[PDB]
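J.: coords please:
(3 chains)
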Amino acid sequence: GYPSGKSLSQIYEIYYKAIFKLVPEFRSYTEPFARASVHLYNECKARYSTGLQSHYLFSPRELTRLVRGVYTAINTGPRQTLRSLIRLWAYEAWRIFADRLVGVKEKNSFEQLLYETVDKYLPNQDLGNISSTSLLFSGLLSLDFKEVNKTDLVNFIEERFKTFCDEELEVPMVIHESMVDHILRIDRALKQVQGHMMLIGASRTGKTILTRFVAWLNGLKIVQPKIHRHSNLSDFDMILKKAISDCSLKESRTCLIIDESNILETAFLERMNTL
Amino acid sequence: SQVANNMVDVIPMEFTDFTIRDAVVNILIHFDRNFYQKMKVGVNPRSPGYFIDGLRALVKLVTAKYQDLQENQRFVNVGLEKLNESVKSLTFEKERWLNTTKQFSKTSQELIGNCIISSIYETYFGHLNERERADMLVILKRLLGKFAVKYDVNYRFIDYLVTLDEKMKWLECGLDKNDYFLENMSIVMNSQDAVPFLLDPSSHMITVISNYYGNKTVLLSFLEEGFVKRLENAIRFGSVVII
Amino acid sequence: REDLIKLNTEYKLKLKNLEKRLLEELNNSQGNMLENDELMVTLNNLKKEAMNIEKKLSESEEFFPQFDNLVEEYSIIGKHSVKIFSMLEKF
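T.: Residues are numbered from 1 along each chain as shown, chains lettered A, B, ... in the order given. Take a look at the structure below.
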């Protein structure tokens, strides 16, 4: 089974210990971070259960996700203040535990929880608005992964979307508060070694367009399976095989957008699993 | 609201009672919020779409109506200069025609809120029942009542967007007499920024649209073999297609 | 009921049809004899037509609230008939 909640606290201390070799000025902060991460985990697991939503399923893999998500930000970021690191930690905490959260009652519940945790383990008055909308971290504007300015980001997206609008398919849209937060979310996903993000967007939200965009910013070939009523598994197999052979033997760097419509049978989805 | 605002950024409008742009956007939100709340059942599967297309209908409809209001206002101003040149016994009644000139300001007051209803009919109503449409209309009218936009109290969607020449043309093909079936046909034709989905058990509609486009009418079905190619031929040379 | 909304739109289309007829002849028969007078006796007939609209708008404000008074009784009839059709449909 799972370990302790006190072994988990201890195990991730050693995880933070290793990554705080890169910020030696906060070597004394590894334990309350490890205790906070585990607290956040224990609480998310408790507050958001499979009784509300099926995908509400937490495990120490989240912890490992968070701890590594923290390192990668440090290893490629500006030399860090304590106010930086907790916000750096808080960003990952949001992306790991709360992106999956539906609706708003539960989403606000986590905002309060995150606040409750910092106050209990890392007591500072230097924190700001910890809501995801207010902490925006990016490597689009800086060479180092750093917290960016809301005004600086919106304008950067605006100049790049027109370009993407001109260079690629011509579709005009309104760039808005939700969309900036989401652009960074896809960006982090498409940056990590294994990058798999599934977007749950109703329809016309723009989820398919943003994906094409952020992929273009990251310099990814956007492959979209050309399926139809009279498409066989063999067709999809071919679409997949090529995209695989190009990725290794041509070093292509493709982004495969699969819509729910594209999965025509059981096997199609099984192929996606094996991948 | 962020999205609505940038879509109505273009400003045909003129001062009203109370902001004017701020009011319009707040109505549409409060209508979309009321539409899904009353009509749709099931827990939060569906979200904003009609809203975008409802705004896009309004922009296309206000532009079409304000340019036609200013066109009729120009037709009575050109007749004002021609009667003043002449001045005899009957012509001074014609000059009096400030009742119409006075009437224009009241007509322009309501055109923004009249376009609100027309756009809502085209977008939200297409698939609603006789009673389902009327009842939403009331909720829209009382929303138009809360906000300081003026609407026509004696308003009729048919007469407002259908022209008597077209209304005749439709029936000539063989559209049914009913008000419901008129509104439906108006919804299909009037707005074509989007492909229309016609649902009718009796494929009496598949002939109506065939009579209207005649030779140009090429009929297909998603089930036939040659569908894949026959559509590529239909698209290349401007053929009007029903699937 | 049918002619109320029919002649509302028809007379207004004929008011726009006669305004066009007046402007066509005023520009053609300004150098000719006083023909415009032959359309002005049709414009004298329009004094019934312009005010026919006023006659019909006045009786509309009397007809509409009576139409809405008659919807209620038929609603009472109407609501039972669907429940009956529903039942016969269900067989």
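
J.: Now do the SS call for residue A:3.
T.: State at residue A:3, reduced to three classes by DSSP: H, G, I helix; E, B strand; the rest coil: coil.

J.: wouldn't it be in contact with residue A:11 here?
T.: Yes. The criterion here is CB atoms under 8 Å, and residue A:3 meets it with residue A:11 at 7.4 Å. In short, each C-beta sits where N, CA and C put it, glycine included.

J.: Mind checking which of those two has more residues around it?
T.: Set side by side, residue A:3 and residue A:11 show more neighbours around residue A:11, with 17 against 11, by other CB atoms under 10 Å in any protein chain shown.

J.: distance of the residue in chain A positioned nearest to chain B from chain C?
T.: Nearest to chain B, among the residues of chain A, is residue A:202, at 3.7 Å (CB to the nearest CB). From residue A:202 across to chain C, the span is 34 Å (CB to the nearest CB, to the nearest Å).

J.: wait, what's in contact with that residue?
T.: Residues in contact with residue A:202 (CB atoms under 8 Å, 6 or more residues apart in numbering or on different chains) are B:45, B:46, B:47, B:48.

J.: residues touching the second one, list them.
T.: Right, residue B:46. Taking CB under 8 Å, 6+ apart as the test, what residue B:46 contacts is A:202, A:203, B:36, B:40.

J.: The lengthiest helix in chain B packs against which elements?
T.: Determined from DSSP state H, the single longest helix within chain B is helix B:50-86. Applying 3 or more CB pairs under 8 Å, 6 or more residues apart in numbering or on different chains; DSSP states H and E, we find helix B:50-86 packed against helix B:2-7, helix B:20-38, helix B:91-95, helix B:99-123, helix C:2-28.

J.: touching chain B at all, the host helix or strand of residue C:82?
T.: Element membership of residue C:82 [criterion: DSSP states H and E] is helix C:36-90. Yes. Residues of helix C:36-90 contacting chain B under CB under 8 Å from any CB of the partner chain: C:40, C:43, C:44, C:47, C:60, C:64.

J.: so what's residue A:185 up against?
T.: Going by CB under 8 Å, 6+ apart, residue A:185 touches A:95, A:99, A:197.

J.: these two touch, right, residue B:190 and residue B:122?
T.: Yes. Look at residue B:190 against residue B:122 with CB under 8 Å: they come within range, at 6.5 Å.

J.: Might you enumerate the residues of the stretch 101-250 of chain A proximal to chain B?
T.: Checking the stretch 101-250 of chain A against chain B by CB under 8 Å from any CB, the hits are A:103, A:174, A:176, A:177, A:202, A:203, A:204, A:205, A:229, A:230.

J.: tell me the two of those residues that are most distant?
T.: Pairwise distances across these (CB to CB) peak at 42.4 Å, for the pair A:177 and A:230.

J.: how near is the residue nearest to residue B:160 when sequence neighbours are not counted to residue B:20?
T.: For residue B:160, ignoring the flanking residues on the chain, the nearest one in space by CB to CB, 6 or more residues apart in numbering or on different chains is residue B:118 at 6.1 Å. Distance of residue B:118 to residue B:20, given as CB to CB, to the nearest Å: 18 Å.

J.: Which of these two has more residues huddled nearby?
T.: Ranked by neighbour count (other CB under 10 Å), residue B:118 and residue B:20 place residue B:118 first, with 24 against 17.

J.: so who does that one touch?
T.: Neighbour list for residue B:118: B:57, B:61, B:157, B:160, B:161 [criterion: CB under 8 Å, 6+ apart].

J.: Neighbour-wise, give me the winner out of those.
T.: Busiest of these [other CB under 10 Å] is residue B:57, holding 24 neighbours.

J.: Enumerate every residue touching the nearest residue to that one once chain neighbours are set aside.
T.: Nearest residue to residue B:57, sequence neighbours excluded (CB to CB, 6+ apart): residue B:119, at 3.7 Å. Neighbouring residues of residue B:119 by CB under 8 Å, 6+ apart: B:54, B:55, B:57, B:58, B:61.

J.: So which bits of chain B are right by chain C?
T.: B:75, B:79, B:82, B:90, B:93, B:94, B:154, B:156, B:159, B:164.

J.: switch to 7 Å and redo it
T.: Taking CB under 7 Å from any CB of the partner chain as the contact definition, chain B meets chain C at B:82, B:90, B:159, B:164.

J.: Just give me the neighbour total for the first one.
T.: The one in question is residue B:82. By the criterion of other CB under 10 Å, residue B:82 has 14 neighbours.

J.: Burial check on residue A:92, number of neighbours?
T.: Residue A:92 has 21 neighbours, counted by other CB under 10 Å.

J.: element containing it, please.
T.: In this assignment (DSSP H and E), residue A:92 forms part of helix A:82-97.

J.: Touching that helix from outside, list them.
T.: A:23, A:26, A:29, A:33, A:40, A:44, A:62, A:65-66, A:69-70, A:73-74, A:80, A:110, A:114, A:118, A:122, A:124, A:126-127, A:130, A:132, A:135, A:137, A:147, A:185, A:188 (CB atoms under 7 Å, 6 or more residues apart in numbering or on different chains).

J.: buried subset of the residues you listed?
T.: With burial judged by 16 or more other CB atoms under 10 Å in any protein chain shown, the buried subset of the contacts of helix A:82-97 is A:23, A:26, A:29, A:33, A:40, A:44, A:62, A:65-66, A:69-70, A:73-74, A:80, A:110, A:114, A:118, A:122, A:127, A:130, A:132, A:135, A:137, A:147, A:185, A:188.
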